[PDB]
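Chemist: this is the structure alone, sequence omitted:
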């Protein structure tokens, strides 16, 4: 027998309680980062390596620009929840 | 600038909402499995590889045994939450 | 032995839910840029080998029905399943066009006891949405 | 370039909180077996290179004070930080001997803006505790 | 820059 | 076998 909750992975764009940021002209931060790593490494890296590099790109390359100063120079870190039992390659 | 919530990793023994199982004679399942994987691979595997193997061992090697039949033959899957920005080796 | 078995006919289905316009009752504004997200996501997951279908401006009943009928399909020849949600959100909940629905109820359809053809196979969920209204001020 | 920098004087601190006995008012019973967990965990993390400290049967005020003073120490020569919680729990909450405290408040002491000497360094938390009262019936 |  |  195996747990009914096993082998799930949730790749959240941000941590619980926080905003997720989206540029209207070039898309959301998380998706921008997710599709650059995937286009470069989707077939040769494990899913946790891919998502860890996405965490780094979102955390380092993005900073809020808003006219409202309450929303200015804000940061974001994504959130991976893994119930996987094996390594995952799309290869 | 760097997000204040970055570089956290939470290794939960179970998924949100569920019980965690503990053998009184051999310790909790999650700790049993975590320290068996660590003794063999703590210094040669990345932290997400270690915890994925702990997910597999808890999910496959452990089954509840209680006299109460409401708690009999139950399963468990742990839950890793990662805000890490890099791969982590203990070396 | 330590990798998920990928020797199947298909990589699997990937459902993209792209919610951009919301009812006035919800109070939520238009998510400009999410179309560039869905198109880029469609090409990258198609390139991975997924069979991608994009649904646009979905209700909470439609989102539950999409994922329940995908749960009820036959995945014996698929290696995995992927779902991508692009919408507004609060903590633990994802926005339809007409309100909010809990993310746990969307993903529970694929549990081991409720979708046997994905048993021991990875079920992946990518969620671009807010989870609250806190801001990360950062640190230098 | 893609790994955490491990060229430091110390690997880091490892704090084990081993909660076995609880007040009768809490309604929680003794967690027999947790001493074997703490014994195995301290031997494993000492073998990794951690400076291991084991605390036993802590109150919620002690648990918050331990981690706040650990957050306030100088970790400049440490590569990472580890904390291990062995106790009773409910959802989002961990048990002291005298009641419950939220896990988020325990870990927030090590945030980037509140613990500057662990900035860009991994902060690891291993939590053996219940998160509710649901059971996983499983499937073959 | 907008939030979701 | 007990639960926490």
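Modeler: Happy to help now that I have it. Residues are numbered from 1 along each chain as shown, chains lettered A, B, ... in the order given.
Chemist: near chain E, which residues of chain C show up?
Modeler: Counting by Cβ under 8 Å from any Cβ of the partner chain, the positions of chain C adjacent to chain E are C:29, C:31-33, C:87-89, C:128-130, C:133. The way it works is simple: take the backbone N, C-alpha and C, and place the C-beta from them, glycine included.
Chemist: so can I have a markdown table of the residues you listed showing distance to residue B:80 and neighbour count?
Modeler: Output for the residues of chain C next to chain E, formatted as a markdown table (distance: Cβ to Cβ, whole Å; neighbours: other Cβ atoms under 10 Å in any protein chain shown):
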| residue | distance to residue B:80 | neighbour count |
| --- | --- | --- |
| C:29 | 34 | 10 |
| C:31 | 30 | 26 |
| C:32 | 34 | 14 |
| C:33 | 30 | 22 |
| C:87 | 25 | 26 |
| C:88 | 27 | 23 |
| C:89 | 22 | 26 |
| C:128 | 21 | 29 |
| C:129 | 21 | 24 |
| C:130 | 23 | 25 |
| C:133 | 26 | 11 |
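Chemist: which one of those is nearest to residue A:59?
Modeler: residue C:128 (15.9 Å; Cβ to Cβ).
Chemist: who does the closest one bridge with?
Modeler: residue C:86 (DSSP bridges).
Chemist: right, is the longest helix that chain C contains up against chain A?
Modeler: Criterion DSSP state H: the longest helix present in chain C is helix C:34-48. Yes - applying Cβ under 8 Å from any Cβ, one finds helix C:34-48 touching chain A at C:34, C:36-37, C:40-41, C:43-45, C:47-48.
Chemist: what residues of that helix count as buried?
Modeler: C:34, C:36-38, C:40-42, C:44-45, C:48 (16 or more other Cβ atoms under 10 Å in any protein chain shown).
Chemist: next one: stretch C:109-128
Modeler: C:109-112, C:115, C:118-119, C:121-128.
Chemist: again, but for stretch C:76-83
Modeler: Buried residues in stretch C:76-83 (16+ other Cβ under 10 Å): C:78-83.
Chemist: can you list contacts of it?
Modeler: Stretch C:76-83 has contacts (Cβ atoms under 8 Å, 6 or more residues apart in numbering or on different chains) with A:88, C:4-17, C:45, C:50, C:67, C:70, C:75, C:106-107, C:110, C:117-118, C:121-126.
Chemist: compute the first-to-last residue distance for it.
Modeler: End-to-end distance for stretch C:76-83, by Cα to Cα, to the nearest Å: 18 Å.
Chemist: which residue ranges of chain A form strands?
Modeler: A:8-12, A:21-23, A:27-28, A:79-82 (DSSP state E).
Chemist: touching chain C at all, the first one?
Modeler: Read that as strand A:8-12. Yes - judged by Cβ under 8 Å from any Cβ, strand A:8-12 comes into contact with chain C through A:8-12.
Chemist: again, but for the third one
Modeler: Yes - part of strand A:27-28 sits close enough to chain C to count as contact by Cβ under 8 Å from any Cβ, namely A:27-28.
Chemist: helices of chain A, residue ranges please.
Modeler: Using DSSP H, helices in chain A cover A:29-41, A:47-61.
Chemist: what do you get for chain C?
Modeler: C:34-48, C:60-71, C:103-107.
Chemist: who are the packing partners of the second one?
Modeler: What it means is helix C:60-71. Using 3 or more Cβ pairs under 8 Å, 6 or more residues apart in numbering or on different chains; DSSP states H and E, the elements in contact with helix C:60-71 are strand C:12-18, strand C:81-86, strand C:93-96, strand C:99-102, helix C:103-107.
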